[PDB]
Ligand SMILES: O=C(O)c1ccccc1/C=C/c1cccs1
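Only one chain is shown below, in structure tokens, and it's the form deposited without this ligand.
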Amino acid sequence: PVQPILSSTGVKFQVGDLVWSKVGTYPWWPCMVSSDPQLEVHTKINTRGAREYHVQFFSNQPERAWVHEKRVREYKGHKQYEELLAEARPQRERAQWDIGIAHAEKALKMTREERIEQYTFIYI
């Protein structure tokens, strides 16, 4: 542990699109592109000029994050995970990933419009 402070583009995805997202130390997670409830945007540009996407996790958890374009890939099927692991977990986390994959595979059978109506997060 060393304190770092001691030293001191086209839109590819729309709301409802199925994606793979890499957030923190989580593995590639099945997600849906959605609009941020506060910002009312699904995509934005960094102070460095890079594109970012707001994604909601397929899980039993209401997980959401603003992910960099390099960590957002198209979801074509659950077997695509092996390709993502080739490019490069707790029991409770593996169970929520399996629940995620189960619903993402169901969402692939639906249209983008249908995915929004069934899986968009409830905000209060």
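Residue numbers here begin at 1 and follow the sequence given.
One more form of this protein, deposited with this ligand bound, exists but is not displayed; see below.
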{"query": "Open vs blocked, site of this ligand as found in the deposited bound form, superimposed, 2.4 Å to backbone or C-beta", "finding": "blocked"}
{"query": "In the deposited bound form, the one of 41, 45, 99, 84 near this ligand [non-hydrogen atom within 4.5 angstroms]", "finding": "99"}
{"query": "Interface membership of residue 34, this ligand in the deposited bound form, 4.5 Å heavy atom rule", "finding": "no"}
{"query": "Contact test in the deposited bound form: residue 58 vs this ligand, heavy atoms, 4.5 Å", "finding": "yes"}
{"query": "Residues of 63-83 having any heavy atom within 4.5 Å of this ligand in the deposited bound form, listed in sequence order", "finding": "none"}
